[PDB]
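This report concerns only the one structure given below.
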Amino acid sequence: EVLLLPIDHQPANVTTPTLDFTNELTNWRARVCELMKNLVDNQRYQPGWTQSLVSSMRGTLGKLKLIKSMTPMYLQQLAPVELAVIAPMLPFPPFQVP
Amino acid sequence: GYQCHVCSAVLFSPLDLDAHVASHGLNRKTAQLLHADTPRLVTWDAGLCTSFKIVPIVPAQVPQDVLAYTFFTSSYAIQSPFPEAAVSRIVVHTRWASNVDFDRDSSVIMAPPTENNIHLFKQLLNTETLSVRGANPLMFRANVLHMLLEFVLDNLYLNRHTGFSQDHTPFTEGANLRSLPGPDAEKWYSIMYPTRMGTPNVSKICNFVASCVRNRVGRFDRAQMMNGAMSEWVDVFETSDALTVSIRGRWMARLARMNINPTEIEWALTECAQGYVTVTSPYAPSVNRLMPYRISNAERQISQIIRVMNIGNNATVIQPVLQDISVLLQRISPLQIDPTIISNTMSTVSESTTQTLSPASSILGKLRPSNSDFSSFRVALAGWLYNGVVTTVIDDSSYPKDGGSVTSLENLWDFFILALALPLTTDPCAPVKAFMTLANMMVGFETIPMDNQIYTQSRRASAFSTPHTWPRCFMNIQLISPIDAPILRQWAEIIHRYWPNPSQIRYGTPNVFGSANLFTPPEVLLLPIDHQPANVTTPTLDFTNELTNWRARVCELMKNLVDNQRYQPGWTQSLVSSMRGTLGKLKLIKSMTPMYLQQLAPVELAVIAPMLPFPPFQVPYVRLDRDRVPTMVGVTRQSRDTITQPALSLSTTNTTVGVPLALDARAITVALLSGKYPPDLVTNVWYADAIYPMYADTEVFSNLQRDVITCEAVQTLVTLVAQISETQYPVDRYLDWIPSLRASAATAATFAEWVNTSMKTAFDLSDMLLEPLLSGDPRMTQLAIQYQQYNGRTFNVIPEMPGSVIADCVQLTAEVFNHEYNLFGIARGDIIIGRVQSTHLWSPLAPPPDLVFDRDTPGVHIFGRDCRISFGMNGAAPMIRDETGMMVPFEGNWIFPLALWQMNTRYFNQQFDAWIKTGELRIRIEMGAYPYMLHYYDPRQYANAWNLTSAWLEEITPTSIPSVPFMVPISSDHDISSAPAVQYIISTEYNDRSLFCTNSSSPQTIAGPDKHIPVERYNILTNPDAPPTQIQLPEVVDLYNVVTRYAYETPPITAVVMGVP
Amino acid sequence: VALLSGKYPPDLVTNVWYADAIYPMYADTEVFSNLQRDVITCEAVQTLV
Amino acid sequence: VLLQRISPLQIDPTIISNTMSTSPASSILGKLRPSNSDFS
Amino acid sequence: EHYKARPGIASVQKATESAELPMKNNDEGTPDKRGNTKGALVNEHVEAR
Ligand SMILES: [Zn+2]
């Protein structure tokens, strides 16, 4: 009686905030956006850009870091519940490797 | 085009003909950033300020036989202050007695409780409810909050003074009675004045009025300041209620805080003109104007942060603002460009025809003196106000192709065009580009050590745009060796020595206006170049400022370059003579543009800068210090998971704001080298004529009116969201007893949009407000701004939130609703669906305490989340599972939660409804709040509640319930018979508060539920020891108060303050 | 893009939504036939070997 | 298909467009293509 | 018929009808009653492509 998942799951409530960094997918999105901000920040690694695109690039990364989206909220709370509901009724029951 | 009519001459192409006649003769953000909408603050109300009316329900028996018809005052057509009826309720209709000039499209209109009021509670989040009579009991809290917000945003008016009489009749002797306008007024003088009617009767209304006091009627105070003018404010005793008197009083105080007199408008506009335009104000006793225009600096800072968040990058929102400021500088600036100056001064340059270069003639093909220098020079001057957002840089195309070489004469002039234009930009990396253009001109000729192989010497000078790319050989001048790089050593010394200095000019009038700038102190601007004040008013030519020094030293470097032994023998001697003569010619070219920019343009900037739709936004102009170059600026609108403190959750939650902008270095160079004055001008007459006509505008005041609505709407939003979801700000919660759902992100994002629409409609706004606050998560909102230097030193600004009277009044109406829940069609508590058959006449909204029970009552089974029902085989009774593991038959007293019935409504109907009707069991279904509907039966006949209660129990849905029906007996006066009545749904607590008076014209009420006219409301009449200006606000509403009535007037500012031309 | 966007309905209660999504799914169950076929699949193997 | 029919998650790509409100900013709106609704 | 299904019975059941469907048979490579291995004549990797 176990169903192996490559994601961490938490008990389900709908009132959790969208911008928690305890959620590891939201943490992953935030760390990738911070790494790309450090990559753009000081104009080396991009010679030949004639204009200064660092402010605009940093702003459009900040928006993608701080976007509201309930998909990382969904995948750790309600997606494993639906998988556990669906799975014993399947015609070919699940075959997993760790 | 056929023919002109001066001479009979025929032509074609009317583009020729109009010249021939002249010869005879001679989206959304762009709109809101310039022409934002104007809110309607001041609104007058000539009617009486009430929101609670008294509607009759069932008619009294006026032709009755126990008592003769001559007893009744209805038989004489006597107007009464209260509607005569057997049963009369009080309901809620905002502005049933009002007369306004501009309506707010938001009102709370209730039907009397015999009809259905479910359409006020199914309004907000019920889009998946099937029935047209059902509503979800999980959205009652959001529905009630939206109703209270509608209720306040309606009542935000001002009371208006109309006129008075003197009562010739002996009713209420000598009183001055108000006369409100409209189609009629005869029906109003009984409603306004309950104490005016005579008292002949022992009817209940005449028991009340004969008990009342007499001297409190009509007008009793005034402020008569002048003979033959309006009284300013009066105090009238009349019908009102304390809640809307309180709302309009706090709104009047909120507007009276903003008031300014005609003198301070003069004192503000004189300082804003800085002495050039003088306006006047009268010196006389006047009549009490109302001009709401003074706001605190915190509101200006918050409205600045929201505009900067609108001009998150987008590259096109702020371009029309710079276009507008360039066109505005056109109408003021006495400096005119004269392209013939350069064509004059390059004529008389001595050169040979036999040479093949012509240095005096290559530079005219470089410059190409044309007309569009102005709209590229004044944009560069307008960009000095917006260092924080716009970073104007020289165009990509204005640099040479391959970097060029100094042997190239055309690239030698293309360096000179850039060397003059680069000090006027506002990017902080201008001097490194000014150095690197010459270091690209010299590759192979002479070399200097760079940092890496990536950003070497031969890189294009446009790419050095950040402080990290500033080379060590430039930041430390000793690395350029003067043995094998003397010209680059000299140009580096010229950049480090003669680069211009920043300064400060002091615009602004912080008394009437508010200083909307952050990151700087108030009343100060920052300039890239140094300025002096004008000493003389007859200006004339001189050569002493930083721009003329900068023009001289570049030419002297180029002369030292052509005086190089490594460079000179490549050229012929007459060509060297002509180039040196052209440089000595071009040193001392007469142009008024440098002296203009030094000592007479910052006066124009400081004069213009308040009169501006988007107020300025600057970060400090640092000259050459790499340590303090601003690398970002960022605003926030929300917080992280835990941190309720903006000073901690600011650095990790921001959006970087700021966009570059391109400029034409050739046009800036032409505008710098060619500028002249009018031939005999005086620089105070010119400005007293030019600045005068634009100081009769009101947009600079209406934006100050707009920022109030912008700052108060976000405070109302953060107050109202905190009721349905958890937040970080400390608020009170009075409506936890109303059941609510569990708020997700989409619930708060929907509710916030409905709040936005209810503000935007009520204040007459057609554009968009608080939308960037809606783009993010609206639960945890904060507003802050910061900028960061190179070394990581961050300077943050967190503006405080001033209080909003809209949210204050919404919380006040919530506090009143906690005691007056019965008026808005809601009962508190829960219901019991037992069977009670008796001939008694008790009302089900006030049941006797024999019938009710609770969790504390012993012998009462409690059902929770578990329902297992065993069927009854072989005559045995079916059983249901208790919470504590017991199996009980269908008897006794039960307690359900409402959701337990909702999840299993059809399975419970077929099991339980046959036992509730004819058997015995009681079910206390608990929900907290529910709307109620009434049915009045005649107590002399048979009645039965099953066709109502079964119709209620069948229609319970897992997503909706309909309103709850009750059966109230009609209280007759005289002796009646007795008949059996069968009641099913009773209440738990008292819910009979909306009842006003029973039978209202009879002496008493023998049989039925009775109450007299509530003395506890009419406190001012019935209590002689009470002061007249007393309200008892959270407990009662009091229905009759003293109210102030103003007679102010609101003229435009140009109708009071006039300026001399 | 499915990670970066996506939202819930603004009125959901999970005890309504999942109690309404589970029931027609379990109404078309076939587990009692699959468990009744797996015995035959297991029983053919002995009669093969 | 069955996860899409059971799941409460309504994937609409318009949140990205409302957040951007349009260069590097328009380039990601070119790369993501929020005019598409194929989420198989 | 007061309550309507919030995910929808007609929408959930039409997907459960095709989740109910059994796995497709794979027959090729196995002999028939006579003894011939049924299937097509092809390189096995070309067939798996
Ligand atoms: Zn002519």
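Miscellaneous remarks
- On inspection, B:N564 does not qualify as polar (S, T, N, Q) and closer than 30 Å to B:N344 by Cβ.
- Residue within the range B:283-304 that is of a type in the set (F, W, Y) and either closer than 30 Å to B:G365 by Cβ or more than 25 Å from the chain's Cα centre (by Cα) (or both) present: yes
- Positions within the range B:496-530 being of a type in the set (S, T, Y) and surrounded by fewer than 15 Cβ atoms within 10 Å (Cβ to Cβ), in sequence order: B:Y498
- Residue check, A:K68 at the interface with chain B (Cβ under 7 Å from one of its Cβ atoms), over 30 Å from B:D396 (Cα atoms) and either crowded, with 21+ Cβ neighbours inside 10 Å or out of contact with any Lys or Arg (no Cβ under 7 Å at 6 or more places or on another chain) (or both): yes
- Test: residue in the range E:14-24 that is assigned to a loop (DSSP other than H, G, I, E, B) and more than 14 Å from chain C (Cβ to nearest Cβ): yes
- Every pair of residues 6+ apart whose Cβ atoms lie under 6 Å, when the first sits in the range A:9-24 and is farther than 24 Å from B:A722 by Cα while the second is exposed (fewer than 14 other Cβ atoms within 10 Å of the Cβ): A:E24/A:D8
- Just one of the listed residues (B:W894, B:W901, B:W946) is among the aromatic types (F, W, Y), more than 14 Å from every other protein chain (Cβ to nearest Cβ) and under 18 Å from B:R868 (Cα atoms), namely B:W894.
One line per residue, one yes/no per condition, for (1) within 14 Å of another protein chain (Cβ to nearest Cβ); (2) part of a loop (DSSP other than H, G, I, E, B):
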position: B:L561; (1), (2): no, no
position: B:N564; (1), (2): no, yes
position: B:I589; (1), (2): no, yes
position: B:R640; (1), (2): yes, yes
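- Top-ranked residue of the range B:31-43 - restricted to ones that are buried (at least 17 other Cβ atoms within 10 Å of the Cβ) and more than 22 Å from B:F102 (Cβ to Cβ), ranked as nearest to the ligand (Cβ to nearest atom): B:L33
- Subset of the range B:44-63 that is of a type in the set (V, I, T) and assigned to a loop (DSSP other than H, G, I, E, B) - its residue that is farthest from the ligand (Cβ to nearest atom): B:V62
- Among residues of the range B:802-832 being touching a helix residue (DSSP H, G or I) at 6+ places or on another chain (Cβ under 6 Å) and part of a loop (DSSP other than H, G, I, E, B), the one that is farthest from B:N297 (Cα to Cα) is B:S804.
- Test for A:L78: is it touching a helix residue (DSSP H, G or I) at 6+ places or on another chain (Cβ under 6 Å), within 29 Å of D:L2 (Cα to Cα), crowded, with 16+ Cβ neighbours inside 10 Å and more than 7 Å from chain B (Cβ to nearest Cβ): no
- Matching residues in the range B:1-24 - criterion: being part of a loop (DSSP other than H, G, I, E, B), within 11 Å of the ligand (Cβ to nearest atom) and surrounded by 11 or more Cβ atoms within 10 Å (Cβ to Cβ): B:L11
- B:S106 meets the conditions (1) within 14 Å of chain C (Cβ to nearest Cβ); (2) out of contact with any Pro (no Cβ under 8 Å at 6 or more places or on another chain) in every case but one. The failed one is (1).
- Odd one out for C:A2, checked against (1) under 25 Å from A:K68 (Cβ atoms); (2) within 14 Å of chain B (Cβ to nearest Cβ): (2)
Rundown of residues vs (1) touching a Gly at 6+ places or on another chain (Cβ under 8 Å); (2) within 27 Å of B:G383 (Cβ to Cβ); (3) away from chain A (no Cβ under 14 Å); (4) assigned to a loop (DSSP other than H, G, I, E, B), yes/no style:
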position: B:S458; (1), (2), (3), (4): yes, no, no, yes
position: B:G508; (1), (2), (3), (4): no, yes, yes, yes
position: B:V512; (1), (2), (3), (4): no, no, yes, yes
position: B:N517; (1), (2), (3), (4): no, yes, yes, yes
position: B:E523; (1), (2), (3), (4): yes, yes, yes, yes
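- The test for being among the aromatic types (F, W, Y) and buried (at least 20 other Cβ atoms within 10 Å of the Cβ) does not hold for B:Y942.
- The one condition in (1) surrounded by 15 or more Cβ atoms within 10 Å (Cβ to Cβ); (2) closer than 20 Å to B:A273 by Cα that B:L557 fails to fulfil: (2)
A quick yes/no check of all residues on (1) more than 8 Å from chain B (Cβ to nearest Cβ); (2) surrounded by 17 or more Cβ atoms within 10 Å (Cβ to Cβ):
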residue	(1), (2)
A:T26	yes, yes
A:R29	yes, yes
A:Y45	yes, no
A:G48	no, no
A:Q51	no, yes
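- From B:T813, B:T794, residue being crowded, with 19+ Cβ neighbours inside 10 Å and not hydrophobic (A, V, I, L, M, F, W, C): B:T813
- Checking each residue in the range B:623-635 for being more than 9 Å from chain A (Cβ to nearest Cβ), closer than 15 Å to B:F795 by Cα and outside any helix (DSSP H, G or I) picks out B:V629, B:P630, B:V635.
A short reminder: the numbers here are calculations on the coordinates, not readings from a lab. For neighbour counting, all protein chains shown are included, and Cβ atoms are generated from backbone atoms with ideal geometry for every residue, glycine included.
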